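Letters A, B, C, D, E and F name the chains as they come in the text, with residue numbers starting at 1 for each one.
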């Protein structure tokens, strides 16, 4: 249909249109009955309680998409070329993009081969030159993504301050990344946005964390994502040792946003701050919510 | 089912649209003098609406202006009665009114960020309480002093068993840049007492009014933050002799960018400063107090503290 | 659907796939956590 | 049918009529075969005995409801809007209301997503614009409930007494809630109602327990249900710390009712009390039980 | 202000409503010409009946009035007029106090009421808690207009 | 044929027929082999 378009960007940069307008132009179409494709798999925890069991939280699970494609062509030789190209588009170690475009925009999913593909029918594939490949791909990051938003603030002053406009339009919290130049002392916002997972949802409404003083050449990447270390110095110096136990604890809660304040002090040559805000969704398409 | 009963039905309402029940839906045979009325009530039974139908020879027609139904909420329960002449009313339909229209949740709901706050503290219980976070000298740097020798209420100050200076940050933040602080204070010795507004999370930068008292140093300063225990004087000082039980109002007006202090019930600022280079906005709405004395005895300390959004 | 299949096998608990090796290792780990600090250094 | 109406009030406040009069107006109808919807799941316990097994008691279990809805519209874009709104009406962390209205009244169940919804057919849903969503929701509190019955008694006397009429017309025992003003010493009833759970059924027929003397401004809520702490002050004072291990032990058993007495002493101002009696049921509809 | 390309007098209402009868409105304004600027308090959902404080800037009418509204763009005056000159960046605080049934306007930092009125006959309570602004100019150029506006519930 | 039946149940491992007493006795025997020669004779 023209309302929904599905593409694959392979690990080698190949572009395939599996469904929607222009489907099958590269020889591969998408078969029905694809699972764990729309909603992000979330498991809920329950603990014993007075009236049965009590809700104890949720955990999101990695996506396991089992889907079939059909590689077709008129002649067996060119069909074999198409099938080989489709196989070359995938890998186990490196991920490839699965992009869904609808009236709500384009959202992609990084998927990798979970196991070996199951190709062809029971007979010789060159007989039909039109054969199905069963793909069991997995999404380690289970959220459909849009391109993250990047904001740059450069100042020539020794001490300055800026307001970064930030807003989570998705249905899941997101973790911000900062790229801070050196030298200089930065103060970054760690607003709770009312999130109360450290029992400080109201106490940390306007929380700001002061990064350790940066010496020349110690440009830092400050990522709030739990998957990566918060402070990473580009030159390898241990900069988290001068941080005295302080950390960025809170993500950007859905439906929340403001002009978060970023402060720079003691910067003999100014400074540059880059804010990257991811745009994560649990569905390939959804209307905006607020 | 021996007796006649109503039919569970539903009604549809829309904002800006005329509520109308077509006659062919309320069909039947109706002699002359028959009257139909529709009653809308709420969860408690209170009648929130009543309308009269246009009963004809064979149809009943309802047609009301949108302003007549704009007050009927979704979930309000209706009851449609028909009344033949010389007879008691007989309910034909009953049910619920659903609203088939664009839904505006943000209009009805009010976020916690969009709410003026008002905080109060009196220290009459002789305990610090969980709402004050010590600053500068760490945990356990605050204390309560009774002042039982004079007819006075307990006041908060530094823990003079360990420190001679301290700060306290009110645990929660304000929701507006403009803020009003009202402090009833006692002057029992020499010292400096800072009322701090527009503070950051760690009280590194803030505006403040400093009441300093001493042998010959009774004055009021406007200070900026250099840390919870350090400050910088802005402008000239104003002489002010603080007495026990004196009420001072520190108002910061954001649109005027002006922090002023009024003594007692005076309509003129005792002190005033404008255009200070201090960050304001989200993350810069915490408030607090600070004390600094040369000797290990109370100086100027607040018996009563109050804060409110806006000026 | 769920009632009467694998979803009720989950209610049954460890009837289908469940191994003894990690269960025994976990029991040993719990006992080691309990008893290791109080065991003498000699 | 007109004998039964089923509605959903989502976590966002949206209102849907799945079944009954006016069903499908918002685009979503209820498919047949919904399970664990009517009776509260209860498992009984048995100990070995000389004649086989002996009854040991019962425990009520949480509801694991599995039901399908059908989202439909004439055009795929409006269908997409309807599907997105339906998805927005649900969550894992917070519960949406599910109301059933019959000649017995309206009873609601609070339900949350137990796992990710299973939407659409094998092919893309824009072909049909009429697709089913299978939903596995859960009720942590498994009883259907109505609006609780509330009574208020205020007084100006220093010492006073009152009688509250109470009657459980439901299927299951209910736990009373009290709201008591301060200052004052309250004596509240904890009648056994003949319940032999502690082997004190008629020993505790007229049991009354004295709350600790409330200081000024310490208005308390005394909720007898086991989900929540019994005594909670509104000023944050630790009231139950002053209660020497006393507690309310007995629910209001079904079919039981009386004029329970409330006593107030040492109240210089003269206080007020409010009694809340929940109306819990094990079934969406049931005739009243004497 | 008004879009003077096709309009001269224009009124605006805040989308949301106050939750209590008493209210405070802090407005920072500019005087780039001649005209009238009304701060509107206790209005209905159509701004038919309301209290207001009107700042008039002109050659001979550099004044402030207390106004009672008859429609969003038509109003009548109550009481005298207090002389007042408005400069760029002037901050005015219009407080309606329900306990005293009074409407007052203060200028700058001083707490003395620049203008005051009491006992005015307007409905209050639910449905009359809407605030707003109004601009009325004879010419097609900006007069006195707000650069900053803030509302707080209660006084 | 093999994939999807008992031939993959074997890959699953100890999901179907597998006994607890024999596994426990085997673990006890391994521990006894480990610890018996170092236990004292007293």
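Note that a residue touches a chain if its C-beta (ideal position, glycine included) is under 8 Å from a C-beta of that chain, and two chains touch if they have at least 3 such contacts.
S.K.: Return the chain pair with more inter-chain C-beta contacts, choosing between A-B and C-D.
M.R.: By number of C-beta pairs in contact, A-B is the larger.
S.K.: Need the CA-centroid distance for the pair subunit A / subunit C, whole Å please.
M.R.: Here subunit A and subunit C have centroids separated by 34 Å.
S.K.: Taking each chain's centre as its mean C-alpha position, how far apart are subunit C and subunit F in Å?
M.R.: Spacing between the chain centres: roughly 15 Å.
S.K.: If you average the Cα atoms of subunit A and of subunit F to get two centres, how far apart are those centres in Å?
M.R.: Distance between chain centres, rounded to whole Å: 43 Å.
S.K.: Please work out the Cα centroid separation of subunit C and subunit E, and write it as a whole number of Å.
M.R.: 72
S.K.: By the touch rule stated above, which residues of subunit D touch at least two different other chains?
M.R.: 12
S.K.: Considering subunit E alone, which of its residues make contact with at least two other chains?
M.R.: none
S.K.: For subunit F, write out the residues touching at least two other chains, lowest number first.
M.R.: none
S.K.: Chain pairs that touch, all of them, please.
M.R.: Contact pairs between chains: A-B, A-D, B-D, B-E, C-D, C-F.
S.K.: Quick check on the complex: what are the subunit B residues that touch subunit A?
M.R.: That would be residues 106, 112-113, 171-173, 200-202, 204, 279, 281-286 of subunit B.
S.K.: Which subunit D residues qualify as touching subunit A in the complex?
M.R.: By the definition above, subunit D touches subunit A via 12, 41, 59-62, 76-77, 80-81, 84-85, 87-88, 92-93, 112-124, 126-127, 138, 140-143, 225-227.
S.K.: Please give the residue numbers of subunit A that touch subunit B in the complex, ascending.
M.R.: It comes out as residues 161, 163, 187, 189, 191, 194, 202-208, 210, 258-261, 263, 290.
S.K.: Spell out the part of subunit E that touches subunit B in their complex, as residue ranges.
M.R.: Residue positions touching the partner: 15-16, 19, 24, 26-28, 91, 93, 108-112, 148, 150, 152-154.
S.K.: Can you tell me which positions in subunit B touch subunit D when the two form their complex?
M.R.: 7-10, 12, 43, 74-75, 95-96, 98-100, 103, 105, 108, 130
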